[PDB]
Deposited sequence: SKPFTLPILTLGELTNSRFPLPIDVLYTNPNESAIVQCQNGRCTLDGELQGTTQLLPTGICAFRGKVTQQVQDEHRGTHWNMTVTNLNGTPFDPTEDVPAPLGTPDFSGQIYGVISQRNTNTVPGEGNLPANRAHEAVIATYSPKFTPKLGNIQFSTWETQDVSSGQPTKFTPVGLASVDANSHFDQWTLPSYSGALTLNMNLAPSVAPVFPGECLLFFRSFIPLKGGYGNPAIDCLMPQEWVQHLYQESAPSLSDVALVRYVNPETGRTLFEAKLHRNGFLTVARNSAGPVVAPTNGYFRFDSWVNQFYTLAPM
C-alpha cells in the first residue's frame, strides 16, 4: 500500500495555491468568523483535485478568452466584456461538474493584473493594466463571461486572444469588497454556486486551522493584505502525482528543523486537505523558513495534538 508522503520543500521553497505568490509565513486565526471554503488549493490526501483547483502555478487566478464589448464606466475607467474558455483554450462546458473554469479566483475583491492580446491575423500585440471585480454582477465565469476594467480607454481589441496575468489587488478600502473567505457568485448573484469543495474546520476542541500565508501586492491605497491557503501549490502537485491511499481520516505531521532534527510542533493533516494545530492565539508562527512538514503516522479525530 503506497506510503503517504509530503514533499521535502521548505517554507521558502513553497508557493501559494490561491494566488501566484511565495509562501511568507505559517499563520493561525482561531477567532475567524467566516466559513472557510476556498476553491483553489483544494486536493484530498489521496490526490483528488476539488473546487476550481488545477495544477499550473500560472493558472491560479488566470483567465483566457476574447473581448466582445466595450462599455464606459459611469465615472472613471472602461469596462470590457470577455468570454472565457478553459485555460487550455478549449471551450468551457458549463455542464461539467466544476464551480467555474479551473483557475478562476475564489474570493471577493478587485484583482489587479495585466490583460495582454496577440492577434490571430507577424501578429499585432497590446497589453494594459486591468482590474477584475469578482463581486460584480458581471463576474459570471460559470456562464462563460466576465468583465474587466482598464485605465486605458480604447486600445483593447475585440475578437482576439486575450490573457489575464494576475499581479495583486487594486485596493482593500471599504468600497473594494476584499474578503478572502467570501466566494464569488460564479453564475451571478441570484444563482447558487455548485460543485464546491467542502468547507473546512477543526472538529477537536482547542484546535484551529493552520494556513500558509502570502502577502499580496496592492496597486494603491493603504493596507497589508494577505491570502491564506490550506496547502501550497507544490503539495497539490505532489498529492496528485502520488495518489497514495489515505489509511485514516487524519495524518499526524511534524514540523521539523533538519539542522537539529528537532520537532518544532505537530499538526493534524486532514483527509480533505487541510491542517489543524493546537494553538489558542492568532498570528504568524515564528519558525525557520528551512523547516518543513514530515508525515509521522495515521491517527484519528480523537488524537490530542501537543500544544504549540
Non-modelled portions of the deposited polymer sequence, in sequence order: 122-128
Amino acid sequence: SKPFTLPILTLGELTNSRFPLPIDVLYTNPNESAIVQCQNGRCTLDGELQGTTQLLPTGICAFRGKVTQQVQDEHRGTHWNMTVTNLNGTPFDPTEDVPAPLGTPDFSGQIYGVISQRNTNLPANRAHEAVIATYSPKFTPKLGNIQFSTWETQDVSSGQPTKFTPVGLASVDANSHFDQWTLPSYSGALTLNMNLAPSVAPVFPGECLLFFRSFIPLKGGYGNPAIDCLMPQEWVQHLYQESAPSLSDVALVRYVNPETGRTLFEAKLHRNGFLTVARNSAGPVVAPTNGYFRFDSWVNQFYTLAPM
From here on, numbers count along this sequence of modelled residues.
Look over 189-197 and 208-216 in the entry and identify the one with the greater average Cα temperature factor. 189-197
Can you tell me whether 270-278 has a higher mean C-alpha B factor than 238-246 in this record, or the other way round? 238-246
Highest-ranked of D179, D97, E129, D106 once sorted by CA temperature factor in the record: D97
Would you mind checking which of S149, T120, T134, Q233 has the top Cα temperature factor in the PDB entry? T120
Assert third(CA B-factor, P202) within chain per record equals highest
Name the third of the chain's ranked CA B-factors that contains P22, choosing lowest, middle or highest. lowest
In terms of its chain's C-alpha B-factors, the third that includes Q50 is the middle
Taking the chain's C-alpha temperature factors as the reference, tell me which third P258 falls into: lowest, middle or highest. highest
Chain thirds of CA B-factor: placement of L9: highest
